[PDB]
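Presented below is the structure to which this report refers.
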Amino acid sequence: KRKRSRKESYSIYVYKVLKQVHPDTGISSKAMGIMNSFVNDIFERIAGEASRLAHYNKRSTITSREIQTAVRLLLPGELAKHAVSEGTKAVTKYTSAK
DNA sequence: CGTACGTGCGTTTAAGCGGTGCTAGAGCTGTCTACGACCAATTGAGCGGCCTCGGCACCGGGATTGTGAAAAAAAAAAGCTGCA
Ligand SMILES: [Ca+2]
Ligand SMILES: [Ca+2]
Ligand SMILES: [Ca+2]
């Protein structure tokens, strides 16, 4: 009768994104396992590339510029273009919401 | 068995050297504050747990697709000449 320990996952957000993308389409347990393995992976790859960018330039802080550079380094062409576009929107919209 | 490449010639080219002169820009300083750590207190987003019900796995049965043989038609190909 102990409550089971927490296990975070991006799965509520994957669903919310899916419901934008294809409102009438769902996803199996194991397909979610993968979408989660993905998000974590690309997270770890970008954070890691952004870490090294900072570290090379003798920088204490990983800013949104070290992410963007790390995104250009990591992503293929049109993914990178679109990935930067959506990132740069997000920060602009954040700042105008104070 | 055909000609694509390696060899080796003579001719041509610009890489490499060693040097000189100009300056963009790498990299350093010192200054100063906007921003991020840390903090505590506050609170609602996301967790586990639970219950439901519709998608999809599983089924049988018939429709449609794809292969291979067999017999048959078309096919190149094979032993025989003449005529020059
Ligand atoms: Ca500043
Ligand atoms: Ca749940
Ligand atoms: Ca349902």
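By order of appearance in the structure tokens: chains A, B, ..., then residues from 1 within every chain, and ligands from 1 in the order shown.
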
Would you list which chain A residues are within 9 Å of chain B using only C-alpha atoms (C1' of nucleotides), as a PyMOL selection string?
chain A and resi 3-8+12

Which residues sit within 8 Å of ligand 1, counting only C-alpha atoms (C1' of nucleotides) and all ligand atoms, listed as a list in words?
residues 33, 34 and 35 of chain B

Please find the residues contacting ligand 3 at a distance of at most 8 Å between atoms, with only C-alpha atoms (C1' of nucleotides) and all ligand atoms counted, and report them as an MDAnalysis selection string.
chainID B and resid 52:55

What's the 9 Å shell around region 88-96 of chain A, counting only C-alpha atoms (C1' of nucleotides), without same-chain residues fewer than 5 positions away, as a PyMOL selection string?
chain A and resi 64+68+83

Let me see the file: selected residues, N, CA and C atoms, as a JSON list (two decimals), in the first residue's frame.
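Generated file (again.json):
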[["chain", "number", "residue", "atom", "x", "y", "z"],
["A", 64, "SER", "N", 20.72, 31.35, -24.27],
["A", 64, "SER", "CA", 19.99, 30.93, -25.47],
["A", 64, "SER", "C", 20.82, 31.01, -26.76],
["A", 68, "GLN", "N", 21.32, 27.82, -29.44],
["A", 68, "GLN", "CA", 21.11, 28.06, -30.87],
["A", 68, "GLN", "C", 22.30, 27.62, -31.71],
["A", 83, "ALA", "N", 14.06, 24.87, -36.49],
["A", 83, "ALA", "CA", 14.34, 24.73, -35.06],
["A", 83, "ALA", "C", 14.78, 26.05, -34.45]]

Close residues, region 24-35 of chain A itself excluded, 12 Å, only C-alpha atoms (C1' of nucleotides), min 6 positions apart in chain, as a list in words:
residues 9, 10, 11, 12, 13, 14, 15, 16, 17, 18, 41 and 42 of chain A; 55 and 56 of chain B

Restricting the output to N, CA and C atoms (P, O5', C5', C4', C3', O3' and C1' of nucleotides), write the selected residues as an mmCIF file, in the first residue's frame.
data_model
loop_
_atom_site.group_PDB
_atom_site.id
_atom_site.type_symbol
_atom_site.label_atom_id
_atom_site.label_comp_id
_atom_site.auth_asym_id
_atom_site.auth_seq_id
_atom_site.Cartn_x
_atom_site.Cartn_y
_atom_site.Cartn_z
ATOM 1 N N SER A 9 8.396 12.002 -17.130
ATOM 2 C CA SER A 9 8.383 11.644 -18.526
ATOM 3 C C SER A 9 7.711 12.789 -19.252
ATOM 4 N N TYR A 10 8.048 12.968 -20.525
ATOM 5 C CA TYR A 10 7.475 14.044 -21.342
ATOM 6 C C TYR A 10 6.108 13.694 -21.933
ATOM 7 N N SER A 11 5.471 12.636 -21.420
ATOM 8 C CA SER A 11 4.381 11.964 -22.123
ATOM 9 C C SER A 11 3.101 12.760 -22.174
ATOM 10 N N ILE A 12 2.840 13.569 -21.151
ATOM 11 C CA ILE A 12 1.691 14.480 -21.206
ATOM 12 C C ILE A 12 1.883 15.567 -22.276
ATOM 13 N N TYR A 13 3.131 15.950 -22.534
ATOM 14 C CA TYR A 13 3.432 17.008 -23.494
ATOM 15 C C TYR A 13 3.443 16.451 -24.903
ATOM 16 N N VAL A 14 3.991 15.253 -25.074
ATOM 17 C CA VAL A 14 3.922 14.556 -26.366
ATOM 18 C C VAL A 14 2.462 14.445 -26.848
ATOM 19 N N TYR A 15 1.570 14.059 -25.919
ATOM 20 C CA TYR A 15 0.130 13.980 -26.197
ATOM 21 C C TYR A 15 -0.459 15.330 -26.618
ATOM 22 N N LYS A 16 -0.141 16.382 -25.864
ATOM 23 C CA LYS A 16 -0.632 17.731 -26.167
ATOM 24 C C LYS A 16 -0.166 18.233 -27.520
ATOM 25 N N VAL A 17 1.065 17.887 -27.891
ATOM 26 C CA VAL A 17 1.624 18.252 -29.189
ATOM 27 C C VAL A 17 0.921 17.438 -30.259
ATOM 28 N N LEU A 18 0.833 16.123 -30.048
ATOM 29 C CA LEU A 18 0.075 15.241 -30.950
ATOM 30 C C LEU A 18 -1.340 15.778 -31.217
ATOM 31 N N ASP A 41 17.054 12.215 -25.490
ATOM 32 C CA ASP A 41 18.309 12.078 -26.262
ATOM 33 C C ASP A 41 18.741 13.398 -26.852
ATOM 34 N N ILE A 42 17.811 14.043 -27.544
ATOM 35 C CA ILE A 42 18.072 15.325 -28.170
ATOM 36 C C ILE A 42 18.326 16.402 -27.121
ATOM 37 P P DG B 55 -12.699 3.512 -32.012
ATOM 38 O "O5'" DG B 55 -11.239 2.989 -32.365
ATOM 39 C "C5'" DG B 55 -10.073 3.627 -31.824
ATOM 40 C "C4'" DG B 55 -9.007 2.591 -31.556
ATOM 41 C "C3'" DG B 55 -8.474 1.879 -32.800
ATOM 42 O "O3'" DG B 55 -7.041 1.789 -32.712
ATOM 43 C "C1'" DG B 55 -9.438 0.280 -31.306
ATOM 44 P P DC B 56 -6.151 1.323 -33.968
ATOM 45 O "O5'" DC B 56 -5.928 -0.223 -33.676
ATOM 46 C "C5'" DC B 56 -5.319 -0.640 -32.445
ATOM 47 C "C4'" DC B 56 -5.390 -2.142 -32.310
ATOM 48 C "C3'" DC B 56 -5.015 -2.923 -33.569
ATOM 49 O "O3'" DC B 56 -4.396 -4.139 -33.156
ATOM 50 C "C1'" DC B 56 -7.178 -3.514 -32.943
#

DSSP-assigned alpha helix (DSSP H) among region 38-71 of chain A, expressed as a PyMOL selection string
chain A and resi 38-56+64-71

Those residues with N, CA, C and O atoms, as a compact mmCIF listing (two decimals), in the first residue's frame please?
# COMPACT_ATOMS: atom_id res chain seq x y z
N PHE A 38 13.58 9.69 -27.38
CA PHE A 38 13.90 10.79 -28.28
C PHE A 38 14.15 12.11 -27.58
O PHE A 38 15.26 12.63 -27.61
N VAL A 39 13.13 12.63 -26.92
CA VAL A 39 13.22 13.93 -26.25
C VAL A 39 14.42 13.96 -25.32
O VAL A 39 15.24 14.88 -25.40
N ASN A 40 14.55 12.95 -24.48
CA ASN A 40 15.70 12.89 -23.59
C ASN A 40 17.01 12.90 -24.35
O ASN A 40 17.96 13.56 -23.92
N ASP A 41 17.05 12.21 -25.49
CA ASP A 41 18.31 12.08 -26.26
C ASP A 41 18.74 13.40 -26.85
O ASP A 41 19.88 13.82 -26.68
N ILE A 42 17.81 14.04 -27.54
CA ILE A 42 18.07 15.33 -28.17
C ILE A 42 18.33 16.40 -27.12
O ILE A 42 19.15 17.29 -27.34
N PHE A 43 17.64 16.31 -25.99
CA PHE A 43 17.99 17.14 -24.85
C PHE A 43 19.47 16.93 -24.55
O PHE A 43 20.25 17.87 -24.61
N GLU A 44 19.86 15.69 -24.26
CA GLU A 44 21.24 15.43 -23.79
C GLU A 44 22.29 15.84 -24.82
O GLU A 44 23.35 16.34 -24.46
N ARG A 45 21.98 15.67 -26.09
CA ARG A 45 22.87 16.08 -27.17
C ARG A 45 23.06 17.60 -27.25
O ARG A 45 24.19 18.05 -27.41
N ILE A 46 21.96 18.36 -27.17
CA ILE A 46 22.01 19.84 -27.23
C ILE A 46 22.66 20.44 -25.97
O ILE A 46 23.62 21.20 -26.05
N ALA A 47 22.15 20.09 -24.80
CA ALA A 47 22.75 20.52 -23.54
C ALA A 47 24.25 20.26 -23.55
O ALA A 47 25.04 21.13 -23.20
N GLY A 48 24.64 19.07 -23.98
CA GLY A 48 26.05 18.70 -24.06
C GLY A 48 26.86 19.52 -25.05
O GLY A 48 28.02 19.84 -24.79
N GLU A 49 26.26 19.83 -26.19
CA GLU A 49 26.95 20.65 -27.18
C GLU A 49 27.01 22.09 -26.69
O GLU A 49 28.01 22.76 -26.90
N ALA A 50 25.95 22.55 -26.04
CA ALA A 50 25.90 23.90 -25.47
C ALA A 50 26.87 24.07 -24.30
O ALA A 50 27.41 25.14 -24.09
N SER A 51 27.07 23.00 -23.53
CA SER A 51 28.03 22.99 -22.44
C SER A 51 29.41 23.25 -23.01
O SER A 51 30.10 24.14 -22.54
N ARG A 52 29.78 22.47 -24.02
CA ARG A 52 31.13 22.54 -24.61
C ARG A 52 31.39 23.88 -25.29
O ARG A 52 32.49 24.42 -25.16
N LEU A 53 30.40 24.43 -25.99
CA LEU A 53 30.49 25.80 -26.53
C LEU A 53 30.84 26.82 -25.45
O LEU A 53 31.72 27.65 -25.65
N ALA A 54 30.13 26.76 -24.32
CA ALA A 54 30.39 27.69 -23.22
C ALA A 54 31.80 27.46 -22.73
O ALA A 54 32.62 28.36 -22.75
N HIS A 55 32.09 26.22 -22.39
CA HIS A 55 33.38 25.81 -21.86
C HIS A 55 34.56 26.22 -22.77
O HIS A 55 35.60 26.64 -22.28
N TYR A 56 34.40 26.12 -24.09
CA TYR A 56 35.49 26.51 -25.00
C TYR A 56 35.69 28.02 -24.96
O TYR A 56 36.82 28.48 -24.83
N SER A 64 20.72 31.35 -24.27
CA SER A 64 19.99 30.93 -25.47
C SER A 64 20.82 31.01 -26.76
O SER A 64 20.46 30.41 -27.77
N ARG A 65 21.93 31.74 -26.73
CA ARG A 65 22.86 31.76 -27.84
C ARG A 65 23.67 30.47 -27.93
O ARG A 65 23.91 29.99 -29.04
N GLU A 66 24.10 29.89 -26.80
CA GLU A 66 24.80 28.57 -26.79
C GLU A 66 23.90 27.39 -27.18
O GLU A 66 24.40 26.35 -27.61
N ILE A 67 22.59 27.53 -26.99
CA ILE A 67 21.64 26.51 -27.42
C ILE A 67 21.54 26.61 -28.94
O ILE A 67 21.64 25.60 -29.63
N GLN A 68 21.32 27.82 -29.44
CA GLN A 68 21.11 28.06 -30.87
C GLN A 68 22.30 27.62 -31.71
O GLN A 68 22.13 27.01 -32.76
N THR A 69 23.49 27.96 -31.26
CA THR A 69 24.70 27.50 -31.90
C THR A 69 24.76 25.97 -31.87
O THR A 69 25.04 25.35 -32.90
N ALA A 70 24.50 25.37 -30.71
CA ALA A 70 24.48 23.91 -30.55
C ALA A 70 23.42 23.24 -31.40
O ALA A 70 23.64 22.14 -31.87
N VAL A 71 22.27 23.90 -31.59
CA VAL A 71 21.23 23.43 -32.52
C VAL A 71 21.70 23.44 -33.98
O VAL A 71 21.46 22.47 -34.69

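For the residues B:76, B:1, B:83, B:50, ranking by smallest atom-to-atom distance to ligand 2 using only C-alpha atoms (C1' of nucleotides) and all ligand atoms places B:50 first.
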
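Of the listed residues B:80, B:32, B:9, B:51, the one whose atoms come nearest to ligand 2 is B:51, with distances taken using only C-alpha atoms (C1' of nucleotides) and all ligand atoms.
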
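Atom pair CA of residue 19 (chain A) / CA of residue 87 (chain A) has a distance of 20.7 Å (rounded to one decimal).
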
Between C1' of residue 44 (chain B) and CA of residue 2 (chain A), what distance in Å does the model show, to one decimal?
24.2 Å
